[PDB]
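> Provide a 3D model corresponding to the input given below.
(one chain, ligands or ions: 1)
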Amino acid sequence: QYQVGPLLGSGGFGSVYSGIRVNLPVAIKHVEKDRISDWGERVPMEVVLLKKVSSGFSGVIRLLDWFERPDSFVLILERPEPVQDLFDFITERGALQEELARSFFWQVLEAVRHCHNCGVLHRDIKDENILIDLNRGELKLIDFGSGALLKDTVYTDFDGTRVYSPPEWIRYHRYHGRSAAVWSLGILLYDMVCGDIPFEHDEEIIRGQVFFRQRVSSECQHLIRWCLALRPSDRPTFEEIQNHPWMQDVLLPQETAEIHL
Ligand SMILES: O=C1/C(=C/c2c[nH]c3ccccc23)Oc2c1ccc(O)c2CN1CCCCCC1
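Residues are numbered from 1 along each chain as shown. Please see the structure below:
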């Protein structure tokens, strides 16, 4: 049913190949049964999570199908072409212009709101888990493998990216969903405007003091420092982020593509 192309990447979860449906581009993701920690209804949680979010259009990668095998699951995912993940795109072009960071950040926030509206919390938002559809100028979120059903009580597990994790996890091994998500969005927007993440080490995370290494407007610094408030409840809601003066007059993905890509 698919034509396996070349390997696109791999970790200790699995391996993802480029592929063609027999005519659409897809990505074929192989996950080891040995290596899954969280299961759902029996399937890897990613599958539960993607079915929940994969209705309709959005800035989330769609699950086209999946298969079980003796020792592994295989997920069949949308693949835009051409595409570049945001970690790459930042490595290559350095810190982004504010206008482009605003366009990308908005789309991320729309994708994250959509997951929450569907009861899904991603738990590993970061540049590497974001794909850019270069022709249309649209961002898509990938890798729901550390996700969870969204809930209002405390989380005690985390298998996301440490440097993107908030102070309350580092210190207490506890966080709530939306507020830990807003923190990682703070790390992400800093990453976009500065070209790298603000904190490398547990104690800089706990300290939460933000130093800017690049010229960044004041409103953006304000937004970033707000998402990165040490007390969870001092962090903005998604709505407050989107009503932030720095977020006004965002460009369309298509204008973003014409100007910047
Ligand atoms: O869940 C994953 C996914 C889904 C895709 C859906 N369409 C695509 C198109 C290209 C690449 C990946 C995809 O790609 C994944 C996933 C999990 C881990 C991982 O290391 C990759 C491959 N990645 C490409 C290289 C950058 C580092 C991470 C992203």
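> is it true that residue 67 touches residue 47?
No - the pair residue 67 / residue 47 is not scored as a contact, 10.4 Å apart, by CB atoms under 8 Å. For the C-beta atoms, the positions are set from N, CA and C on the backbone; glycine is no exception.
> can you work out which residues contact both of these two?
residue 73 (CB atoms under 8 Å, 6 or more residues apart in numbering).
> more neighbours: which of those two?
Taking neighbours as other CB atoms under 10 Å, residue 67 and residue 47 compare with residue 47 leading, 21 against 12.
> which parts of the stretch 1-150 of the chain sit against the ligand?
Proximity of the stretch 1-150 of the chain to the ligand, by CB under 6 Å from any ligand atom, involves residues 8-9, 11, 16, 27, 29, 61, 77-79, 83, 85, 128, 131, 142-143.
> could you redo the last one with a cut-off of 5 Å?
Counting by CB under 5 Å from any ligand atom, the residues of the stretch 1-150 of the chain lying close to the ligand are 8-9, 16, 27, 61, 77, 79, 85, 128, 142-143.
> export the residues you listed to TSV and append columns for neighbour count.
Listed next are those as TSV, based on neighbours: other CB atoms under 10 Å:
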residue	neighbour count
8	16
9	12
16	21
27	22
61	24
77	22
79	24
85	19
128	16
142	20
143	22
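> format these as JSON lines; extra columns: distance to residue 176 and secondary structure.
Listed next are those as JSON lines, based on distance: CB to CB, whole Å; DSSP: H, G, I helix; E, B strand; the rest coil:
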{"residue": "8", "distance to residue 176": "34", "secondary structure": "strand"}
{"residue": "9", "distance to residue 176": "31", "secondary structure": "strand"}
{"residue": "16", "distance to residue 176": "31", "secondary structure": "strand"}
{"residue": "27", "distance to residue 176": "32", "secondary structure": "strand"}
{"residue": "61", "distance to residue 176": "25", "secondary structure": "coil"}
{"residue": "77", "distance to residue 176": "29", "secondary structure": "strand"}
{"residue": "79", "distance to residue 176": "34", "secondary structure": "coil"}
{"residue": "85", "distance to residue 176": "28", "secondary structure": "strand"}
{"residue": "128", "distance to residue 176": "24", "secondary structure": "helix"}
{"residue": "142", "distance to residue 176": "24", "secondary structure": "coil"}
{"residue": "143", "distance to residue 176": "21", "secondary structure": "coil"}
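> need those in CSV with distance to residue 110, can you?
Formatted as CSV, these follow (distance: CB to CB, whole Å):
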residue, distance to residue 110
8, 25
9, 25
16, 24
27, 22
61, 14
77, 20
79, 21
85, 18
128, 19
142, 15
143, 18
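> of these, which pair is most distant in space?
79 and 128 (16.3 Å; CB to CB).
> make sure residue 152 is indeed in a helix.
No - using DSSP: H, G, I helix; E, B strand; the rest coil, the assignment for residue 152 is coil, not a helix.
> number of nearby residues for it?
Residues contacting residue 152 under the criterion other CB under 10 Å number 7.
> over to the one 5 residues further on?
Neighbour count for residue 157, taken as other CB under 10 Å: 12.
> before we move on, back to that, what is the nearest of the residues of the stretch 1-150 of the chain next to the ligand to residue 228?
Checking these one by one against residue 228 (CB to CB), the nearest turns out to be residue 128, at 19.5 Å.
> relative to residue 205, how far out is the closest one?
19 Å (CB to CB, to the nearest Å).
> repeat for residue 74
Distance, residue 74 to residue 205, using CB to CB: 36 Å.
> who has more neighbours, those two?
The neighbour comparison of residue 74 against residue 205 (other CB under 10 Å) goes to residue 205, with 23 against 16.
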